[PDB]
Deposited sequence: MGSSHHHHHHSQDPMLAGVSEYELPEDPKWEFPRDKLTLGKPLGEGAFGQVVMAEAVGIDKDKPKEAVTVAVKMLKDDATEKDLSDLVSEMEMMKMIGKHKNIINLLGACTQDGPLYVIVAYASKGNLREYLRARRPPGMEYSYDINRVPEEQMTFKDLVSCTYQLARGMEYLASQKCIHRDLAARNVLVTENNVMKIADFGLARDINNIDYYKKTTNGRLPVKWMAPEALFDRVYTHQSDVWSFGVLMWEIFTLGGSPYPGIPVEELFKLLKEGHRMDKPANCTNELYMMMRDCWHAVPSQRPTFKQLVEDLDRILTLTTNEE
């Protein structure tokens, strides 16, 4: 691996620990160049023993994407990496509350339940992360509750960029394109036309939204993967989650528009959500 000084982190400064590809917790001393002696708790992603060549290159891509994206409030951020003489170590910010799916399912009505606002806030936050990601010419392609981390202060952090690509890094029209994307969150164009764009990410965003308001339910319950796309073409769409306003549900439905350009843009989702959230507070 090419030596990238700015990101490189001393292995002797890194203390591995409990597990959380493969991710583990760890103490990174002085990782923050503004407290050279302070041991910071971080999360380290690495290869498992049964790793394959593709696994390695996927982890290397995930890391490089994290370098290109830049910093943002709603995006899990890279703290550094151990890429010389030894196992590849991608060191990122540690989210104590774990992933969003486990998180939501965790506080379901009999923990500390989630208010309507808390849900709306969660959605608004992720829309910002994506709105940003899109301004960075980056497509995630793997948006889902399980790929969102939640901090101690309940800040939503989008993670798992193993599949994220630059808008131009996609072989439009080839059969192999989009073959590794979980279908229940995947936009039809991704498969039928073998293309992927920001609008494809909004479709996924719609499913993530449905996941949030169902407090972590599983999309298209009872519907097999092998039969989904047929139904999706026949027009099928998930039902308005339990306690979910018809407004937020129509928002989801819009994300699930068959015509990619008729779906809202992340910028638009952000403004609507910002409106809903604000009026909720008042």
Regions of the deposited sequence not represented in the model: 1-23, 44-48, 139-150, 323-324
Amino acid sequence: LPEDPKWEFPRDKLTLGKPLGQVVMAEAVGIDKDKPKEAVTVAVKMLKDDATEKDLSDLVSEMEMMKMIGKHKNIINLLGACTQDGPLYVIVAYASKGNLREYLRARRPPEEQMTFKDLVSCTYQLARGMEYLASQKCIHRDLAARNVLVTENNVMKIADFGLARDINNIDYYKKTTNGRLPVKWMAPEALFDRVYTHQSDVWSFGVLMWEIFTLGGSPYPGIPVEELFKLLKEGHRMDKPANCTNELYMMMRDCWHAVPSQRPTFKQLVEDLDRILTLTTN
From here on, numbers count along this sequence of modelled residues.
Stretch exceeding the other in mean C-alpha B-factor - 120-128, 91-99: 91-99
Entry-level comparison of average CA B-factors, 75-83 and 136-144, reporting the higher stretch: 75-83
Largest Cα B-factor, entry values, listed residues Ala159, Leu191, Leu181, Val207: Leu191
Most elevated Cα B-factor in the entry, residues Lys230, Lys45, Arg253, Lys54: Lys230
For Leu269, the third of its chain into which the C-alpha B factor falls: lowest
Chain third (lowest, middle, highest) by recorded CA B-factor, residue given as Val195: lowest
Lowest, middle or highest third - CA B-factor, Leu20: highest
Entry-reported Cα temperature factor of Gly216, expressed as the chain third it lands in: lowest
Chain third (lowest, middle, highest) by recorded CA B-factor, residue given as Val150: lowest
